[PDB]
Each structure stands twice: as C-alpha cells, then as structure tokens.
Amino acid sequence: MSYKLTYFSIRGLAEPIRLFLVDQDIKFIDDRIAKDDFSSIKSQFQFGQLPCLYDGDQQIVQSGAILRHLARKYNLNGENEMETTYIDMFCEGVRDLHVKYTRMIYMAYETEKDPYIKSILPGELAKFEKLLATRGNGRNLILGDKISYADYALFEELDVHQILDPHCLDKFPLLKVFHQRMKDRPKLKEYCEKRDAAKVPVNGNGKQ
C-alpha cells in the first residue's frame, strides 16, 4: 500500500487521521509501534516523534500537517477561502482542548480529572457548541452539509471526552447530536467496533 501511518498503539494524536482514512476508504498500513521499539527508529523521524504518514515517497510527520495534507488531497478542505480558514480555526481549537485533556491524563489524573470535568471542560465545550451553530445552525457537520477533516478531529475529541465523562455532552445538544451523527456513519461504526474488539487504549498510560 502507498500509505503507512506510523504511531503508537493508542488512539492519541493519530486517531483523527485514522478516522479520516477509514471514512474516506483510503487503504493504509496502520503501523502501530510498541513503546520499547521506538528508540531504535526515533532518528528516522524529522522531529523524533510520531505520528508519521508515509505517502508514497513522502515522509510527513506532525499530526496537524498530516491531516491538512490529506484534506487537500481528498477535497475535504472546504470549498472556498472562508471555509478553509474556518475549519482550520475550528480544528486548531479542537487541538487546544486535546492539550488540556492530555495534561490532565498524563500529569495529574487522580487529582485533576474531577476539577477538569466540572470546571474546565464545560466552558470549553460551550465554545464549540456556540461555534458549531454558525454553519447549518450546527445541525449537521462543521461546514453544514459537506464533511471536512475537522469533523473527524471534533468527533474523536468528543468521543474521548465522553469516555472520560459520560454526561459531558448532556447539555450541549448540537455537539451531542454531531457525535451521534458521526458515530452512525457506517464506515466509522464498523471501525469503532473493530477498535473496541482490539481493546485500543485512548492514551499511552492506560488512563481515560
């Protein structure tokens, strides 16, 4: 295959890219590296880190760059400058939430999970609930009727946050419905079931 995605055997940073590839029926080698095997190959990557997408002869690190590249190549990058900018802005906001999430998971799970759920996460979700409403009244996908790369990022972020706090979307009807809509896309539902069967952890420390 001409695509290989190299990452750890967790959802982590790679998962939005995996979701994009699966939902767009782009076949790829899902090259999942065990933690102890990474030091031997680390210098092969331009910043010594994963994920890495090999796209033919091109070696592309940086999760944001990988997803934006795929979006251009497969016409999931919006239809005009305003759209392209908007989904970039939106997806970058998703990455900011993921930074907060990961800091709590890796650095302070036992003490910071509950204050995160109660006192950080709701305000962050509220920003997305408001923003989502600006296209299609937020009642379909981020750009309205046409899927874009940002939808996969938002879906994964909402999904991992529901694992963390099953009630977190209760009071955010647009986000709750978006998550429902995405999970019901058949290629994503099938893949979710394979991923559950494989007992894939969200994060590298087994907490979630």
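Note that residue numbering follows the sequence shown and begins at 1.
Decide which of the stretches 26 to 34 and 169 to 177 has the higher mean C-alpha B-factor, going by the entry.
Of 26 to 34 and 169 to 177, the stretch with the higher C-alpha B-factor average is 26 to 34.
Mean Cα B factor from the PDB record: higher for 109 to 117, or higher for 75 to 83?
The stretch with the larger mean CA B-factor is 109 to 117.
Record-listed C-alpha B factor of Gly48: chain third:
Within its chain, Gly48 is a middle-third residue by C-alpha B-factor, going by the deposited values.
Within this chain, which third does the Cα B-factor at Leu164 fall in: lowest, middle or highest?
Tercile = middle for this residue's CA B-factor.
Compared with the other modelled residues in the chain, in which third is the CA B-factor of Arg18?
For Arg18, whose C-alpha B-factor we compare with every modelled residue in the chain, the answer is the lowest third.
Quick check for you: using the entry's CA B-factors within this chain, is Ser40 in the lowest, middle or highest third?
CA B-factor rank for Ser40: highest third.
Going by the CA temperature factor in the PDB record, which third of the chain does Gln58 belong to: lowest, middle or highest?
Answer is highest: the recorded C-alpha B-factor places it there.
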